[PDB]
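K.L.:
Opening piece of a complex, kept in its complex position:
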Amino acid sequence: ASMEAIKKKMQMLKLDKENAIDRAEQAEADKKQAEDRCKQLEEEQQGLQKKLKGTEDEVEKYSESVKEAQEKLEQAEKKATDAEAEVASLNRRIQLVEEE
């Protein structure tokens, strides 16, 4: 049978095709995992955003904390200063009467 080279060639066409199907299938498997990798890298990111606002909103608090704190401090410093001037003047008048 000169059917041998034909036979042999339909053989190879089939092999070719199933090798290609194997390849398609494996590429498709890879995509599905890469696509979850893709997915996860975005979904993790989002969670990260909310960590950021949470933190940046703490920043906001602290600034209005520091400011109020600075302000209390200026107010205390004026008080100390005025109380000490009350002391200086009392000194001053005592040393005067001392001598007239």
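P.N.:
Great, that's in hand. Numbering: from 1, shown residues only, chains lettered A, B, ... in the order given.
K.L.:
How far off centre is stretch A:78-86?
P.N.:
47 Å (CA atoms, centre = their mean, to the nearest Å).
K.L.:
for stretch A:18-28, same thing?
P.N.:
Going by CA atoms, centre = their mean, where stretch A:18-28 is centred and where its chain is centred differ by 41 Å.
K.L.:
pull the CA atoms of that stretch into CSV?
P.N.:
What follows is stretch A:18-28, C-alpha atoms only, in CSV (Å, rounded to 0.1, in the frame of the first residue of the first chain):
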residue,chain,number,x,y,z
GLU,A,18,-3.3,17.9,19.8
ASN,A,19,0.1,19.5,20.6
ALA,A,20,-1.4,22.8,19.7
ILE,A,21,-4.5,22.1,21.8
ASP,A,22,-2.2,21.3,24.7
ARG,A,23,-0.5,24.6,24.3
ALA,A,24,-3.7,26.6,24.1
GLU,A,25,-4.9,25.0,27.2
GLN,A,26,-1.8,25.6,29.2
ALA,A,27,-1.6,29.2,28.1
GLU,A,28,-5.2,29.6,29.2
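K.L.:
also put chain B on there:
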Amino acid sequence: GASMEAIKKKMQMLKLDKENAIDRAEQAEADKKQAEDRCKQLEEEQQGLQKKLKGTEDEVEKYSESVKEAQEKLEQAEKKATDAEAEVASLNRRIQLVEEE
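P.N.:
Once chain B is put in with the chains from before, the structure reads:
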């Protein structure tokens, strides 16, 4: 005799099938590269976020010591006021005694 008609017909199908599968593989493969490009993008963007973020936390710490710095100086400022005060009070008590005797 038997034309080869059905044999060459069957061969062309097998070729077509092989061709269809190859198309399939190379689109999937190209698509696989789509995703891996994006992957190589976010992992890098994720890395980016955290550095901005740690620096944001680094800013926030800087604004906690500063708060507590003022807390203390305020403590000092009071002790100072209260001591100055006790002193005028003591001078007052003394003047009163003198004028009384």
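K.L.:
hmm, stretch A:44-64 touching chain B?
P.N.:
Yes - counting by CB under 8 Å from any CB of the partner chain, chain B is contacted by stretch A:44-64 at A:44-45, A:48-49, A:51-52, A:55-56, A:58-59, A:62-63. Bear in mind the C-beta positions are built from the backbone N, C-alpha and C, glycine included.
K.L.:
Buried among those residues? Need that as a selection in ChimeraX.
P.N.:
Listed next is the ChimeraX selection for buried residues among those, using 16 or more other CB atoms under 10 Å in any protein chain shown:
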select /A:55,58,62
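K.L.:
Nearest spatial neighbour of residue A:20, chain-adjacent residues omitted?
P.N.:
With CB to CB, 6 or more residues apart in numbering or on different chains as the measure, residue B:21 is the residue that lies nearest to residue A:20, at 3.7 Å, once sequence neighbours are left out.
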